[PDB]
């Protein structure tokens, strides 16, 4: 796991946990270049997450990227993803792979992110963590982690974590309640190993919603429709995963990973009463009950014929079957009335793949991989009323995704690389559902997006840190956009190309006395090359969500036995919220400071810390609902907030 193969960046857990609420990924990995993450502070929705513009256009979920929590997929076959599962009080590391090689990781993999949980070791240590922040937020958690032996057959290892978090919300109708349970266990079968994962999330959050420009300027914490319709969500999910690994040959390894999980959600929307009267409308309440399961097999043969070549092959099967329903708001009233939608939508994914690393010469290697994505959608519709036809339908998609990188080592401390690949974006099941034709059935004409990505990078170990550089462009084509939309049913279309250019620069350094410095910047000019609007020429326009410029810089003094401190700074360029480029979110800069003491006397380790976020009380909006239907894009953010945390660790 070294910064050297490609444009890959790895963030450590104990540092992502250092004087932080341990709630949102945003607070931790906000500095990875090319990775745009913003915390909506709305636990009825997901983080605004994107990689080099991938998934930026997404409105309510995360799309166009790949996320794995302990090898369990967080993005579904169709590309839709979520973020509520991550327990930051028990994370080992987060690896982000951006660039063409992300295409190895599924259908809509413009960039793949992999979260893995702590392994546990000697001694059996128990931790009690607590944090309290402004606007009535507070979180606590217990983590027990240890091992039965050294690290041998029979040697077992355990890590359990539970956390509970509740907030009264900065803005009206935003209080949330979130409980996490995350466990990981391992047993050494022989010198062949095994592992189990158990994930559980339970959220009951009020969705504040968005605010229109006039509404945000007038009052920042206002949530007019929030209490009018009781906009809120409740999420519950449990995942079980199982992984086996065994070294067959002295030079050939192999592994298999399978997962089973169940998600269940309820969303009360702020949809008015008039539009729902049309018999074809789906309602104002969305109910979703999905089962997902999958199996992934990998064979890594370090056998070398032709040159020193190590290659990995494998097969992946992913399955998600959902029963989806909809309801009224009438009795808009806060509870749900007559049933107005019913379906079973299955989506499953099959595809082989393989990567190879050839050490053609010394200080020059060629990495190359391919994958054949095959995705199937079926919808069995159960709602056929006089006006709402039988919308059942079925479709499939296939594509060859290839990727490759040439790596040349100027030294062992400096390696440069050049990579390229093609990408793929299937239409979501929600996108095919309806057609502007008016005929009953799926819109079988819609085809997926094509990519065309090129990148160069230079990774240099200087001092005890690393300086990485990367430059990239992406050719999007057949972008899936909206065509018609009336009577509560949105229809989609293929129209237009796009081009997205950008650059990433990062530098990390550490010095004796643990003086640590970190910096990074990222440029992204993502423009359209074709009209993607029925009534307006949107050709030259920006891409909404992407920040033309962003940057991060932090400096920290971290002694191991006493007073520690640090301070961060984050710059976010002006980001457009429309395809037409009708609205913009301000360019804003935000500062943060923190101090604390780490008293570790023999077994007990008591860590105490305080935090000032948004030190200069800058007023801003840190999230936007891209392409909101009615123009309510803005999601304001609090000003100069604080937090304080206390952690206790006892070692056995």
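Positions refer to the first chain, counted from 1.
A chain break between residue 331 and residue 332 is present, corresponding to 4 to 9 residues of the deposited sequence without coordinates. According to the entry, the deposited sequence places 1 to 3 unmodelled residues between residue 151 and residue 152.
The stretch 242-250 shows the higher mean C-alpha B-factor when 394-402 is compared against 242-250 in the entry. Of the two segments examined, 595-603 and 579-587, it is 595-603 that shows the higher average Cα temperature factor in the deposited entry. Taking the PDB entry at face value, the top CA B factor among 232, 236, 143, 461 belongs to 461. Ranking 545, 502, 81, 559 by Cα temperature factor from the entry places 559 first. Per the deposited record, the Cα B-factor of residue 616 falls in the middle third when ranked against the other modelled residues of its chain. Annotation for residue 204: C-alpha temperature factor in the lowest third relative to the rest of the modelled chain, per the entry. When all modelled residues of the chain are sorted by CA temperature factor, residue 434 is found within the lowest third. In the PDB entry, a CA B factor belonging to the middle third of its chain's modelled residues is recorded for residue 16. Sort the modelled residues of the chain by CA B factor and residue 552 lands in the lowest third.
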